[PDB]
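What follows is a single chain, given as structure tokens, in the form deposited in one PDB entry.
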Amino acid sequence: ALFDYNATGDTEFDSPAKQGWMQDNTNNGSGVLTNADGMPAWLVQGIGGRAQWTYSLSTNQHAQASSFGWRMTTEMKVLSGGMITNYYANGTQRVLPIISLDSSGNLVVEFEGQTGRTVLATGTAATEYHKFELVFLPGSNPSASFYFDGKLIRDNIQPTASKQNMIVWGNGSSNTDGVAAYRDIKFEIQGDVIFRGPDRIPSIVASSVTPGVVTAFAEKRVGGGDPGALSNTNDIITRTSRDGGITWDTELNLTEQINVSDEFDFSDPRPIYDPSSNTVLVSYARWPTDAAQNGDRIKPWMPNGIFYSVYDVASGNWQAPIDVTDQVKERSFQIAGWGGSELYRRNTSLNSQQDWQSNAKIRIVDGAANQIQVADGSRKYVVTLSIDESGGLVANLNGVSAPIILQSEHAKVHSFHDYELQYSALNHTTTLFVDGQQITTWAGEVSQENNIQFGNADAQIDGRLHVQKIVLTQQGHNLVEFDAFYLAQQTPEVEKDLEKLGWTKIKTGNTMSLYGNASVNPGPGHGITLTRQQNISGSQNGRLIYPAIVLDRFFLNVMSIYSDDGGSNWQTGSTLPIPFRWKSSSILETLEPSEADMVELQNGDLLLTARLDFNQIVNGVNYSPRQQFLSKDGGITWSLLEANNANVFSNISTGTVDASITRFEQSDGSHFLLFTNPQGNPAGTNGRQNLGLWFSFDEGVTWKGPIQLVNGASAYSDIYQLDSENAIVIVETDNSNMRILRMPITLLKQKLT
């Protein structure tokens, strides 16, 4: 909440009294509106008496200020005298700076409870306008910091005993004469509730084209709880502010319109602000109301998907939801030959004396030894697909020495492609076509085998491939047909077991296979629009991107979901690379990245921070509850940053929870990163308490100790830059009530060192 006075000549507000303040003078104390350089100001005349203005707060507001912190900003000029007291007192204590001009005319400040003084300005500057700021941070040892024209003057100011209870500005003394002119006074209490529990999972973004416009989101949880519960119906809600996050409009339900009979739960609002169009595009997940991510209950044949809504900042209008599920939710049969081999073979009766054709729509997730083969009783033709050292897609044909580079662009390297083999009986050769393009022709190798086979073929070579369709035809007749794209989306009644569909499974070592992805989810927090991609091959400025959560069947991981056309068409990137180990031919030990957030570094690389759920130890290495990753290709592929985990954030909570990360750019052009997460209580322990703020001045290599922003419950949070000097934070607190904090980042940065 904001309590202020803005000097103006406008009749309706031409005095502090018309702006809610109460006059509190004595004897000859008075005041008058003064005009100088075309800028009005209120002149406090405390000569021969006290001259001040006060604002009373409710018992509840004082309690809120003490619990969540406050900030007082003043723009004034001291003309003469002393005891210029602009401060805040509650029914117990106060932080009191005393401003004055000394006998020589210097502008100085003293603090009740401290000895001595500090000279702020001398010469003509002593009687010119200046901006004063007092910031109070909550905590076990609450203290305030004083700033003069943006510069830290005194830190760790301890509150002093006082029975006064009110916000005050002016000359607070009947005996000491003081005269000062005020252009503006602002007292702000932090922590206003924007969304009430049981609603949860906050995110926020702000407009740079239209300063002051902020849009926040959360999950409206009727019945409470995570999505997937029969006892709840969850939707996405939003509120907008046009004054920098001070006042907010009516809570708006964005998904109710596409949840007409409460058959779904919607979750994880992931907003992205696009400066090119001055719009906010928020993506979110849909789930059948009775099954979701938790416990892997969601299945490929269920209504999980992703939708987005667009907000036009200029006119302040929202647009109806748009479904993009078919673009980002993969449907396929997946074979992970990680630590083993798994092939499927169907014996056939091909006639080598006549033409035949085979088609296989395949995507290579990683590794090698991934193949598709056809043997016709005379010759065997095998295509082995792999990812080379450069990250390109390579094909090797049996009997042909030189490998064939199919794709070099990372996005194309891991996408689905249609591999068609056309055998010519007259020419005794087979031609390979990829996506309709003729690639090469070869003779294969002598063989008496007659079959079609696919999968990962080497227990000693890791590889994962996904298949959507496999067909074999001869003389206008389909000998074999496996439509995994179709089967993945069917209910359990439909037969999907390959071994029951005419195929023989040949497996060695440890492997796993499954149908399509069970679900996709944008995750909690905000997304970003890239702007420093000029030197990133395959990427582009303007790309909209967020780190989504994908569940194949049993395990969670993160992958980028992005759009290079403003949000109309979306694509997916590769999942994060994580270690794995089989404690034997049976127990899988790996990681499960989930709630993630990313930021674009100065050189175009993307830094991602992810929550690590469930198992965190692999082969004796503890990856902690949080791990950072880096992408050098616009978010298509990632690399795990060794030793860059929870340990880089001093005093961070040891419990798994969602965090937030964002870029902050100052007016001078300089920049740095901001990160929010609970510290725990005591700090460094497991608990969703005391939200902290960390800074990185070296592109995420190191972070500077946290500044505590909240004293009490603190769970999920999101932070975003509001303007050149402030950042806005939305955070879950008591009973998950989500509150707003507006932090003076350029001032707080000075409390670090």
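Under this definition, the rigid core comprises the largest set of C-alpha atoms superposing within 1.5 Å between the forms. Numbering starts at 1 and runs along the sequence shown.
Keep in mind the form deposited in another entry is missing from the figure; the text below concerns it.
Checking 670, 261, 140, 584 for C-alpha shifts of 2 Å or more between the shown form and the other one, after the rigid core is superposed, gives a single hit: 584. Relative to the superposed rigid core, residue 25 undergoes a CA displacement of at least 2 Å between the shown form and the other one. For residue 36, the Cα coordinates differ by 2 angstroms or more between the shown form and the other one after the core has been superposed. Core-aligned CA deviation for residue 734 between the shown form and the other one: less than 2 Å. In the other form, the Cα positions of residue 298 and residue 586 lie at least 3 Å nearer to each other than in the form displayed.
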